[PDB]
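A.B. asks: Next up is a structure, given as structure tokens.
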Amino acid sequence: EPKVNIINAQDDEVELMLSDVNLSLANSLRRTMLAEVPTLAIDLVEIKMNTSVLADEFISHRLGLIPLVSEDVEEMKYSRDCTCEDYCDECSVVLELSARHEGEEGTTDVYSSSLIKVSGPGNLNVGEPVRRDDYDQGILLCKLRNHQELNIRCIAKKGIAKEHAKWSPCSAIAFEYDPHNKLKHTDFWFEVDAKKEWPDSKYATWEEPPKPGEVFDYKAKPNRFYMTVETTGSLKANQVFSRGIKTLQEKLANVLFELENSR
Amino acid sequence: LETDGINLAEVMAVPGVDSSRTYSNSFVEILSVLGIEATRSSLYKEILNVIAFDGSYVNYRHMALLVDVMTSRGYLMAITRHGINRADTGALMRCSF
Amino acid sequence: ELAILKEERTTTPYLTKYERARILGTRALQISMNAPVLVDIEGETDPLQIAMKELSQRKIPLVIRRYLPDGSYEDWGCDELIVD
Amino acid sequence: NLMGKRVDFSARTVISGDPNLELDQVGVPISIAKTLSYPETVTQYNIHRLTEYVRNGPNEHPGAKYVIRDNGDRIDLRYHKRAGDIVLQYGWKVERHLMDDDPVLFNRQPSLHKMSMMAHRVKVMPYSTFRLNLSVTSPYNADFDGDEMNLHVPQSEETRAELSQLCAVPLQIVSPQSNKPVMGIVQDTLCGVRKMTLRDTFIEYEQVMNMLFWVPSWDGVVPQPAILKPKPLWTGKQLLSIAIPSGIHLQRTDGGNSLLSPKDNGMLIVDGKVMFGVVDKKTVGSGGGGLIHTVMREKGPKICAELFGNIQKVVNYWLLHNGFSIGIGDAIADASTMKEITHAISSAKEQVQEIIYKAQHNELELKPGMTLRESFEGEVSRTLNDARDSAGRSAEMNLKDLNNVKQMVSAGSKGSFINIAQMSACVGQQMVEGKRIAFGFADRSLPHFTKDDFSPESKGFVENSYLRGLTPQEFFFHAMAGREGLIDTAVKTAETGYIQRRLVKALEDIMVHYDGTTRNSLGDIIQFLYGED
Amino acid sequence: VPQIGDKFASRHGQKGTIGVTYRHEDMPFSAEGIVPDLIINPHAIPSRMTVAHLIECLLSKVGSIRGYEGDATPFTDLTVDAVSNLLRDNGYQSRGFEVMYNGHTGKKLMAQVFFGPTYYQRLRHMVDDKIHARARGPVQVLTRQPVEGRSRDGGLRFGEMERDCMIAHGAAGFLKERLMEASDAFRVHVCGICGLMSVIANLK
Amino acid sequence: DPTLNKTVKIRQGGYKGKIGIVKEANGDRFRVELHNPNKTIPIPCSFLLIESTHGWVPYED
Amino acid sequence: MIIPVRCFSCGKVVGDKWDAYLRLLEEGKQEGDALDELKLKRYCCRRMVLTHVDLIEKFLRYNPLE
Amino acid sequence: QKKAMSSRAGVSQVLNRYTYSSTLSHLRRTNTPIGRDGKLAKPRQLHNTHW
Amino acid sequence: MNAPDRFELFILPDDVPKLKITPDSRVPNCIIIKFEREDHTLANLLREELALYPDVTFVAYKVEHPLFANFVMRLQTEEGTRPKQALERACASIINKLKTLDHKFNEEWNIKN
Amino acid sequence: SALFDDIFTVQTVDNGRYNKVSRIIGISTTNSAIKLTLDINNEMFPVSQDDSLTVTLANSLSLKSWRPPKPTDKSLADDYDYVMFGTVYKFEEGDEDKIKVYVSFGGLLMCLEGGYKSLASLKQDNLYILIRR
Amino acid sequence: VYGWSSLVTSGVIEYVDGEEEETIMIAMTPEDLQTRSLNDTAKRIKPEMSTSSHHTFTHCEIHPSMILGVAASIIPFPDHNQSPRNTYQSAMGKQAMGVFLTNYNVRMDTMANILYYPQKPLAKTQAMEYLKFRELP
RNA sequence: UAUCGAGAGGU
Ligand SMILES: Nc1ncnc2c1ncn2[C@@H]1O[C@H](COP(=O)(O)CP(=O)(O)OP(=O)(O)O)[C@@H](O)[C@H]1O
Ligand SMILES: [Mg+2]
Ligand SMILES: [Zn+2]
Ligand SMILES: [Zn+2]
Ligand SMILES: [Zn+2]
């Protein structure tokens, strides 16, 4: 009975209409994609040298925000559930960065592309700093001047955005329904005329406006939910939507298990 | 009639004036002309007028208690050291003020 | 001399809010020091709770000595003072 | 050092509001609850509980800091490495951490009256602020813009009982100051309860179920909807009534309304159920004879304290899912009303010209007791203040029911007529020392005017609204009046503070005695019977 | 890092402390999926009459859409209606409102929300620089009463007005305890004849 | 006790992989002063690795 | 201080667009159009780049202290 | 130094550096040395000639 | 300083059950389920699903305090059905709807390739 | 099986105040001096002026905790379009034969005027009102 | 060089103190130097100035926003606020974290606060250019 | 874990 219509698609955003589901299911899917879909992200920074003008934890905070390839992260374990001491090769990716400015002139800009993967759970596709193109330097991290050096060792771990927003695969998620307000779920503020003063939905042409005679259908419920899922590149937009569905399922499955064990 | 300035005794005597109702907003003058029980009522009236002006309301017993303290000695005890500390209260109590 | 006879007592036959708070607290303290309790102790074992149970049954073994301004006094037992 | 002093077992931090705390609770940061302590005597009934606290130690909650022997020797649990090998003896004391439902005295300065110090039940909570139910902000005069408040921990069974049995928040709901409550429904909950109890507010079943479950005292019986067919719908008045205890009757008439209440004003409550009437500040505020006053007299302080929480939990839920806002739009009157406003101010400026003409041609009536110039300034002031009130009334009437400023004014939760007037129509005449702006330059108010100019604009009439914006002259004149307000607040606070101290010292020893008399420390009769009744 | 209790203010005398934080998905959101950094309360506005705060929000919305810093100099020809005209030409309702959705349920809010950028200030007042509690601790040599100040493990002053409050409550035991056991209680010996503290007392 | 003030790594729990210093080791339950945020946490001594001459050694140092 | 990695409000990466934004301004584009070309559609994201101030350029002038 | 009383206090102050705006204001501040004893209001008012 | 570990939102302590069911004896056939380390995400999803069942007579949930990641749900079913069973059915019902939803997205995705 | 029954002609329909409620006044087609003032939900049961409306007042729908109605059971409301349940808060036994019955349907108000013989059964604690057409 | 003092010594700008200000007539803006022909319900009303038939202006304000000092110059639209709110911000603005100097790393001050990511405000005033507020926000 | 002052601030 659930129906899907992909309006547009690309690597980092999918626009789609979702229908024949409950509002609560579309919303719980929205929340799950924002908050609980795992990704990989730097979570421990070993600073061996930092003579830049930036503070150690200033830099560490930016490092955590660098999006890393998280495609195979589902097969990867959480550090808190791994039997090893400290971190290891089965529950983390290790990245290293080393920058320096040689020369008495100019400024060296340190980019996320200088982050070099050193180990990781082979041969899983996880841990590479996301790149737009092949010529893409990525995210600016720091800047160096004569004799200033940056030498760090980073431990990346699997996590979810409930713990820290850096583990979210999304940015915004656009989300709306009932573009003509037939359900009367909002009551518009106006000075002179509400219809002239409020802009049209970008999905106004996807449903038909109410006819001037039409009586109020007090039995209609929301049923068509237009949403666009943007991502940071740690996961592709179709992956976030798919794993969102998967994650919400396991959460319900675990509840069902616990009920069938309380017997 | 209402006046600027007071002379309660002389105005009371003026033929035509209801000598049983003439009032002054100086309760010090009321005490000299009409006595301490009239001063008690006048003191309450003048305080109430202050409180009631900005629409406020204070229960009678609080203002009644204050005006009874100010008149219990038979003269007007100011709410200052010159009134309060002229009491036969202990020295430790009086020196804490 | 100073004591006022039971038949000539004129003060209120109700326990005052101040007498109640002091009686409950004082009795609570005595209970936590293992004073004999005059009611059954079930599940509620805090000293204040036991003291409140004794109060509700008129079983707190204390007397209010109410001083009058002249120094004379009426002794009232908490068994005889009316509790709301 | 003697009438007041610094004390142990005290604490202070920034305050925050919490919609999910009972009226008589205070949320206490964990770190504070681990620093403060209460010395509990060890008995057969608590020795197991208290040994557990001792094992947890001073740094883990619920824990303990000291063990006190009958001799008085304290055992410091920070430095005892064999804390598990401590055996408590009856009669010892354990200085345990502060814990849930411990009574504590809570206080915001300045402590102007007795409900500036009330006893709350501790609730230990994360984060570093003290949490208050919003309905106790009024007696404390507290808000959350940086205010801090103080907490004091009683140290014995006797002083705990004085707090819980005399000073506790619910005992303080009605104050002897004006024989009326000092706490009511405020802010979000008051704004929301008007919106929720509007005659055309309807709630579908699925939301009704959540709202019912949010009332802790709900009896579990879903009431029949006001509309059964074609769709089950409950009204806002029905769900608010869940929060009102049974046996509560209240009647109020607004503007001679009938029992048919066409305007949905007045108030009628029967057996704790709202028959008609928008529920607003006139019903759930702190006024005498309202709902809170009535439940207190009829049900006592415990039920009345739950009333705040019940009302809050239903309304705040409904408002969370309804929404409410305010924007720049709500200050904007339509072009027709602005033209009335601008015309009426223009004609008031003309009347001021006529008054200037009469006074300057010796044709002005002198008021008794007043010089010519006093009479002139008085007539000019009445004209200009009536112009502002008249322009505000036009702006007020033009605002729709949906106008967000109007909704807050109508709930009684924030704002008043003058705020609509000054934001939308006209700020009006600026006063300093009871008079229009004085000629601080020689025969003029600013070097931008000619001498001997008594017009509205010359002596501080601000014609524009805050929406339109003030001119440079108006700006300065408005800042002159505004400075005077800051000066008054800074000065007269010490004037009244000294007054209150002298009042307290005059009266501090005056007590009601067991013979009914009111006497001082000398036994002098001040009143033969308190309040004469 | 900002937390509950820290203080913030716009440039219009409109100040507040953080009451709670909500994650991205619990915030209200617009159809475009924009969520606020910060939600202040409508009751802060009508009695304070800080209309500049509202106008600043409107102009700043326009400015970030069109790519410039709006001119908010006082005493210019700029009007609210002119800024509203620009905003409407950019696809938003002209007075700054937006339809928004409750984060818990996904349902629209019955009310539209004034929404847009406003310049906010991080003030020096942070709760963890103020929080303080004292059980026991150091006293003054001369009075043996607790020392003054957070920075010295001090105790709060129970001043004369707090004394008066406890008198009004009739809490005689509590007031005695505050001012003795919780402060400078001391045992002295006096002579029953002359009443002076001239007694020489060897207790062992 | 011989492990106070000595540097430590945590091998179990929510703080796994984090550096710290033994601030107080009364018995069985230690207090490690984490490096990363300004907080000293309670942790069992079983959860710690101590630094010694050769690498991180469990509580056999 | 230096361009933030993410938009505070929505999380979209903007730390890889600072050089491209300065370049579009050298090429004579107006700020609004440059933001448009960079695909910064939500006004939360536009604020991030439009109002950032690059202070690290000032801090670098202070001759390194090692 | 020997006349620390009767001398005026607060003429020199530690330069406020909390933020850049606060430094600019501190360098442009003025003081009226009237006191705090004797309330009045007249020197505290915003006088017309302050424009 | 008094901030809790963020992992406490979703990691269940070992002595703390994900789920605890008790009766509400004030009405017949009603249970209270306390969910630990869960959100509106789970609670609102279960709630609507359950409310549309014909044999569910009451369903509601509340997050009693936003600073603590738990919620409590109240569920009553008609005499025929047992409340805990209806909850089990809602779980399996929603898991199925999401399986369908995952399939139809996969198909629609290849179609758009 | 009902307590009161009649047909009313709508004389006035006041919207004004609310977007979802209107107050209507009607007079019995069969008996003048029997007047009905009633608040109703615009969106659920839209009425216009001069509409003919059958109004029934019952104390039971039978031919304590509310539940969504089962499709199998059957009640008096199956034959009407719009049903409300309310509280009788005033039974006015006035002079001559001017009798008023005031009912609150969750704040949607009704006053029914008429004679004792037409309204004596309405002296109830609660009333349903059922409206047809 | 031809700068500010060139205007002062060429008779187009002069300095006046409080005493000399007593004897001059100042127009608020250049437009007030000449009489006009409006009725735009959005913009603010200008005083009529109908007490003198003909005004003889001696000077004109350069800009009226220069009556403000450093702190109040940070307020956007102070002409739309109740005047005490402008006083309150003038205090709080001095309590707002930013970047107090660019050399904070080489100063060892008793206390210093630096906002991680300062932004310049979307709503600014002309006077902020001279305060450097957009450069050290 | 000092004392006496001063200055700037918070509600
Ligand atoms: N100098 C002072 N002396 C004594 N008490 C003061 C004080 N300054 C502030 N207070 C206390 O703090 C209160 C001031 O509250 P504010 O937050 O300053 C204004 P308000 O009247 O509550 O709100 P507003 O900002 O909406 O006008 C006083 O009523 C008093 O309780
Ligand atoms: Mg305040
Ligand atoms: Zn591992
Ligand atoms: Zn002697
Ligand atoms: Zn963004």
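Starting from 1 in every chain, residues are counted up; chains themselves are A, B, ... following the order of the structure tokens, and ligands are numbered from 1 as listed.
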Within 10 Å of ligand 1, counting only C-alpha atoms (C1' of nucleotides) and all ligand atoms, which protein or nucleic acid residues do you find, written as an MDAnalysis selection string?
C.D. replies: (chainID D and resid 108:112 138 140:147 414:415 489:494 497) or (chainID E and resid 13:15 43:49) or (chainID K and resid 84:85 88) or (chainID L and resid 10:11)
A.B. asks: Using only C-alpha atoms (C1' of nucleotides) and all ligand atoms, which residues have at least one atom no more than 6 Å from ligand 4? Output them as a ChimeraX atom specification.
C.D. replies: /E:191,193-194
A.B. asks: Which residues of chain D are close to chain J, meaning at most 8 Å apart when you count only C-alpha atoms, and how do they look as a ChimeraX atom specification?
C.D. replies: /D:199-200,221-231,234-238,259-260,270,274-277
A.B. asks: Can you pull out every residue within 12 Å of residue 524 of chain D, counting only C-alpha atoms (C1' of nucleotides), but drop anything in the same chain fewer than 2 positions away, and send it as a PyMOL selection string?
C.D. replies: (chain B and resi 68-69+72-73+87-89) or (chain C and resi 69-70) or (chain D and resi 509-513+517-522+526-528)
A.B. asks: Within 10 Å of chain J, which residues of chain A show up when using only C-alpha atoms, listed as a PyMOL selection string?
C.D. replies: chain A and resi 187+215-219
A.B. asks: Could you save those same residues with N, CA and C atoms as an mmCIF file, in the first residue's frame?
C.D. replies:
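Below is the file that was written, out13.cif:
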```cif
data_model
loop_
_atom_site.group_PDB
_atom_site.id
_atom_site.type_symbol
_atom_site.label_atom_id
_atom_site.label_comp_id
_atom_site.auth_asym_id
_atom_site.auth_seq_id
_atom_site.Cartn_x
_atom_site.Cartn_y
_atom_site.Cartn_z
ATOM 1 N N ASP A 187 -3.920 28.201 9.946
ATOM 2 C CA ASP A 187 -4.848 29.322 9.862
ATOM 3 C C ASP A 187 -4.024 30.564 9.539
ATOM 4 N N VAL A 215 -17.359 21.983 -0.488
ATOM 5 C CA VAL A 215 -17.563 21.932 0.955
ATOM 6 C C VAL A 215 -16.324 21.334 1.617
ATOM 7 N N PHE A 216 -16.171 21.607 2.913
ATOM 8 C CA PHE A 216 -14.982 21.168 3.636
ATOM 9 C C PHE A 216 -15.072 19.662 3.887
ATOM 10 N N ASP A 217 -14.113 18.906 3.352
ATOM 11 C CA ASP A 217 -13.996 17.466 3.598
ATOM 12 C C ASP A 217 -13.355 17.264 4.968
ATOM 13 N N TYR A 218 -14.201 17.158 5.995
ATOM 14 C CA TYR A 218 -13.750 16.966 7.368
ATOM 15 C C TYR A 218 -13.229 15.562 7.641
ATOM 16 N N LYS A 219 -13.273 14.656 6.668
ATOM 17 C CA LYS A 219 -12.736 13.321 6.864
ATOM 18 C C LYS A 219 -11.366 13.126 6.234
#
```
A.B. asks: Could you check the closest approach to ligand 5 for each of E:33, E:96, E:173, E:67 and tell me which residue wins, using only C-alpha atoms and all ligand atoms?
C.D. replies: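 Counting only C-alpha atoms and all ligand atoms, the residue closest to ligand 5 is E:33.
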A.B. asks: Produce a table with one row for each residue of chain D that has an atom at most 8 Å from any atom of chain K, each row naming the nearest atom pair and its distance in Å at one decimal; use only C-alpha atoms; arrange rows by chain and rising residue number; format as JSON lines.
C.D. replies:
```
{"residue": "D:335", "atom": "CA", "partner": "K:41", "partner_atom": "CA", "distance": 6.6}
{"residue": "D:338", "atom": "CA", "partner": "K:41", "partner_atom": "CA", "distance": 6.7}
{"residue": "D:339", "atom": "CA", "partner": "K:41", "partner_atom": "CA", "distance": 7.4}
{"residue": "D:441", "atom": "CA", "partner": "K:22", "partner_atom": "CA", "distance": 6.4}
{"residue": "D:442", "atom": "CA", "partner": "K:22", "partner_atom": "CA", "distance": 6.7}
{"residue": "D:447", "atom": "CA", "partner": "K:25", "partner_atom": "CA", "distance": 5.7}
{"residue": "D:448", "atom": "CA", "partner": "K:26", "partner_atom": "CA", "distance": 4.7}
{"residue": "D:449", "atom": "CA", "partner": "K:25", "partner_atom": "CA", "distance": 7.2}
{"residue": "D:450", "atom": "CA", "partner": "K:52", "partner_atom": "CA", "distance": 7.1}
{"residue": "D:453", "atom": "CA", "partner": "K:51", "partner_atom": "CA", "distance": 6.6}
{"residue": "D:455", "atom": "CA", "partner": "K:51", "partner_atom": "CA", "distance": 7.6}
{"residue": "D:457", "atom": "CA", "partner": "K:47", "partner_atom": "CA", "distance": 6.2}
{"residue": "D:463", "atom": "CA", "partner": "K:45", "partner_atom": "CA", "distance": 7.2}
{"residue": "D:464", "atom": "CA", "partner": "K:44", "partner_atom": "CA", "distance": 6.2}
{"residue": "D:466", "atom": "CA", "partner": "K:80", "partner_atom": "CA", "distance": 4.8}
{"residue": "D:467", "atom": "CA", "partner": "K:80", "partner_atom": "CA", "distance": 6.5}
{"residue": "D:468", "atom": "CA", "partner": "K:44", "partner_atom": "CA", "distance": 5.0}
{"residue": "D:469", "atom": "CA", "partner": "K:80", "partner_atom": "CA", "distance": 4.9}
{"residue": "D:470", "atom": "CA", "partner": "K:79", "partner_atom": "CA", "distance": 5.2}
{"residue": "D:471", "atom": "CA", "partner": "K:46", "partner_atom": "CA", "distance": 7.0}
{"residue": "D:472", "atom": "CA", "partner": "K:64", "partner_atom": "CA", "distance": 6.4}
{"residue": "D:475", "atom": "CA", "partner": "K:79", "partner_atom": "CA", "distance": 6.3}
{"residue": "D:478", "atom": "CA", "partner": "K:83", "partner_atom": "CA", "distance": 6.3}
{"residue": "D:479", "atom": "CA", "partner": "K:83", "partner_atom": "CA", "distance": 5.2}
{"residue": "D:482", "atom": "CA", "partner": "K:83", "partner_atom": "CA", "distance": 5.7}
{"residue": "D:483", "atom": "CA", "partner": "K:84", "partner_atom": "CA", "distance": 7.3}
{"residue": "D:486", "atom": "CA", "partner": "K:84", "partner_atom": "CA", "distance": 7.6}
```
A.B. asks: Can you list, as a PyMOL selection string, every residue of segment 70-258 of chain A that DSSP puts in alpha helix (DSSP H)?
C.D. replies: chain A and resi 194-197+237-258
A.B. asks: Any chance you can output those residues with N, CA and C atoms as a PDB file, in the first residue's frame?
C.D. replies:
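Writing done, so here's result.pdb:
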```pdb
ATOM      1  N   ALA A 194      -5.771  36.860   2.530  1.00  0.00           N
ATOM      2  CA  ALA A 194      -4.801  35.814   2.851  1.00  0.00           C
ATOM      3  C   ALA A 194      -4.232  35.154   1.605  1.00  0.00           C
ATOM      4  N   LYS A 195      -5.067  34.926   0.587  1.00  0.00           N
ATOM      5  CA  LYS A 195      -4.599  34.226  -0.607  1.00  0.00           C
ATOM      6  C   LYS A 195      -3.562  35.044  -1.373  1.00  0.00           C
ATOM      7  N   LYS A 196      -3.780  36.354  -1.519  1.00  0.00           N
ATOM      8  CA  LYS A 196      -2.814  37.164  -2.253  1.00  0.00           C
ATOM      9  C   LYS A 196      -1.510  37.341  -1.483  1.00  0.00           C
ATOM     10  N   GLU A 197      -1.559  37.304  -0.151  1.00  0.00           N
ATOM     11  CA  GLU A 197      -0.389  37.648   0.644  1.00  0.00           C
ATOM     12  C   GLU A 197       0.505  36.461   0.974  1.00  0.00           C
ATOM     13  N   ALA A 237      22.168  10.191  -1.331  1.00  0.00           N
ATOM     14  CA  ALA A 237      20.810  10.504  -0.896  1.00  0.00           C
ATOM     15  C   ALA A 237      19.913   9.270  -0.901  1.00  0.00           C
ATOM     16  N   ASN A 238      20.030   8.427  -1.925  1.00  0.00           N
ATOM     17  CA  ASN A 238      19.251   7.194  -1.944  1.00  0.00           C
ATOM     18  C   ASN A 238      19.653   6.265  -0.805  1.00  0.00           C
ATOM     19  N   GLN A 239      20.939   6.265  -0.433  1.00  0.00           N
ATOM     20  CA  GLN A 239      21.418   5.464   0.696  1.00  0.00           C
ATOM     21  C   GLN A 239      20.816   5.933   2.018  1.00  0.00           C
ATOM     22  N   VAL A 240      20.748   7.247   2.228  1.00  0.00           N
ATOM     23  CA  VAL A 240      20.176   7.775   3.463  1.00  0.00           C
ATOM     24  C   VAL A 240      18.705   7.386   3.579  1.00  0.00           C
ATOM     25  N   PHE A 241      17.952   7.520   2.484  1.00  0.00           N
ATOM     26  CA  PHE A 241      16.542   7.147   2.526  1.00  0.00           C
ATOM     27  C   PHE A 241      16.371   5.655   2.767  1.00  0.00           C
ATOM     28  N   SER A 242      17.183   4.827   2.104  1.00  0.00           N
ATOM     29  CA  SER A 242      17.097   3.380   2.294  1.00  0.00           C
ATOM     30  C   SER A 242      17.482   2.988   3.714  1.00  0.00           C
ATOM     31  N   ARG A 243      18.626   3.487   4.199  1.00  0.00           N
ATOM     32  CA  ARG A 243      19.066   3.140   5.547  1.00  0.00           C
ATOM     33  C   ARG A 243      18.169   3.767   6.604  1.00  0.00           C
ATOM     34  N   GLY A 244      17.531   4.893   6.291  1.00  0.00           N
ATOM     35  CA  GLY A 244      16.530   5.411   7.201  1.00  0.00           C
ATOM     36  C   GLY A 244      15.413   4.415   7.437  1.00  0.00           C
ATOM     37  N   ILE A 245      14.882   3.843   6.355  1.00  0.00           N
ATOM     38  CA  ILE A 245      13.854   2.811   6.469  1.00  0.00           C
ATOM     39  C   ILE A 245      14.385   1.614   7.244  1.00  0.00           C
ATOM     40  N   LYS A 246      15.608   1.180   6.928  1.00  0.00           N
ATOM     41  CA  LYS A 246      16.198   0.026   7.603  1.00  0.00           C
ATOM     42  C   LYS A 246      16.346   0.279   9.103  1.00  0.00           C
ATOM     43  N   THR A 247      16.905   1.437   9.470  1.00  0.00           N
ATOM     44  CA  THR A 247      17.138   1.763  10.875  1.00  0.00           C
ATOM     45  C   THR A 247      15.843   1.812  11.676  1.00  0.00           C
ATOM     46  N   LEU A 248      14.811   2.454  11.126  1.00  0.00           N
ATOM     47  CA  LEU A 248      13.524   2.506  11.808  1.00  0.00           C
ATOM     48  C   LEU A 248      12.938   1.113  11.974  1.00  0.00           C
ATOM     49  N   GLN A 249      13.260   0.201  11.055  1.00  0.00           N
ATOM     50  CA  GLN A 249      12.762  -1.162  11.170  1.00  0.00           C
ATOM     51  C   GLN A 249      13.421  -1.883  12.335  1.00  0.00           C
ATOM     52  N   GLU A 250      14.758  -1.831  12.407  1.00  0.00           N
ATOM     53  CA  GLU A 250      15.477  -2.512  13.481  1.00  0.00           C
ATOM     54  C   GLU A 250      15.034  -2.001  14.848  1.00  0.00           C
ATOM     55  N   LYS A 251      14.764  -0.695  14.953  1.00  0.00           N
ATOM     56  CA  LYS A 251      14.269  -0.132  16.205  1.00  0.00           C
ATOM     57  C   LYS A 251      12.933  -0.752  16.602  1.00  0.00           C
ATOM     58  N   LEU A 252      12.009  -0.883  15.646  1.00  0.00           N
ATOM     59  CA  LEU A 252      10.739  -1.548  15.931  1.00  0.00           C
ATOM     60  C   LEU A 252      10.931  -3.039  16.175  1.00  0.00           C
ATOM     61  N   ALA A 253      11.863  -3.661  15.444  1.00  0.00           N
ATOM     62  CA  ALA A 253      12.153  -5.082  15.636  1.00  0.00           C
ATOM     63  C   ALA A 253      12.669  -5.362  17.040  1.00  0.00           C
ATOM     64  N   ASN A 254      13.553  -4.500  17.548  1.00  0.00           N
ATOM     65  CA  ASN A 254      14.096  -4.691  18.888  1.00  0.00           C
ATOM     66  C   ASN A 254      12.996  -4.567  19.942  1.00  0.00           C
ATOM     67  N   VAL A 255      12.064  -3.631  19.750  1.00  0.00           N
ATOM     68  CA  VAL A 255      10.929  -3.534  20.663  1.00  0.00           C
ATOM     69  C   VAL A 255      10.101  -4.810  20.602  1.00  0.00           C
ATOM     70  N   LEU A 256       9.856  -5.321  19.392  1.00  0.00           N
ATOM     71  CA  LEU A 256       9.059  -6.536  19.245  1.00  0.00           C
ATOM     72  C   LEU A 256       9.749  -7.729  19.898  1.00  0.00           C
ATOM     73  N   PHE A 257      11.073  -7.834  19.738  1.00  0.00           N
ATOM     74  CA  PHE A 257      11.832  -8.874  20.431  1.00  0.00           C
ATOM     75  C   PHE A 257      11.620  -8.800  21.940  1.00  0.00           C
ATOM     76  N   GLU A 258      11.748  -7.599  22.516  1.00  0.00           N
ATOM     77  CA  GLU A 258      11.657  -7.467  23.967  1.00  0.00           C
ATOM     78  C   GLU A 258      10.268  -7.818  24.487  1.00  0.00           C
TER      79      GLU A 258
END
```
A.B. asks: Tell me, as a PyMOL selection string, which residues lie within 8 Å of residue 484 of chain D, counting only C-alpha atoms (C1' of nucleotides); anything in the same chain fewer than 3 positions away does not count.
C.D. replies: (chain D and resi 432+480-481+487-488) or (chain H and resi 45)
A.B. asks: Could you take the residues named above and write them with C-alpha atoms, as an mmCIF file, in the first residue's frame?
C.D. replies:
```
data_model
loop_
_atom_site.group_PDB
_atom_site.id
_atom_site.type_symbol
_atom_site.label_atom_id
_atom_site.label_comp_id
_atom_site.auth_asym_id
_atom_site.auth_seq_id
_atom_site.Cartn_x
_atom_site.Cartn_y
_atom_site.Cartn_z
ATOM 1 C CA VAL D 432 10.068 65.530 32.393
ATOM 2 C CA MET D 480 15.095 62.779 28.033
ATOM 3 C CA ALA D 481 11.873 61.315 29.391
ATOM 4 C CA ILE D 487 17.067 58.008 37.499
ATOM 5 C CA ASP D 488 13.815 57.475 39.417
ATOM 6 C CA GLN H 45 19.152 64.435 33.698
#
```
A.B. asks: Could you write out as a PyMOL selection string the residues of chain E within 12 Å of chain H, counting only C-alpha atoms?
C.D. replies: chain E and resi 121-124
A.B. asks: Would you list the contacts of residue 130 of chain K as a list in words, taking every protein, DNA or RNA residue within 12 Å and counting only C-alpha atoms (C1' of nucleotides), but skipping same-chain residues closer than 5 positions in sequence?
C.D. replies: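 What passes the distance filter is residues 21 and 24 of chain H; 66, 69, 70, 73, 74, 124, 125, 135 and 136 of chain K.
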A.B. asks: Limited to C-alpha atoms, could you put the picked residues into a file as a compact mmCIF listing (two decimals), in the first residue's frame?
C.D. replies:
```txt
# COMPACT_ATOMS: atom_id res chain seq x y z
CA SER H 21 33.48 48.10 21.25
CA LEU H 24 36.47 52.37 22.23
CA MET K 66 26.29 61.55 15.07
CA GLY K 69 28.40 57.61 20.98
CA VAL K 70 30.40 54.48 20.22
CA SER K 73 26.02 53.42 17.28
CA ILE K 74 25.87 49.60 17.21
CA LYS K 124 24.52 47.52 10.26
CA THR K 125 24.69 51.28 10.56
CA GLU K 135 36.23 43.80 10.98
CA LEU K 136 36.16 42.83 14.69
```
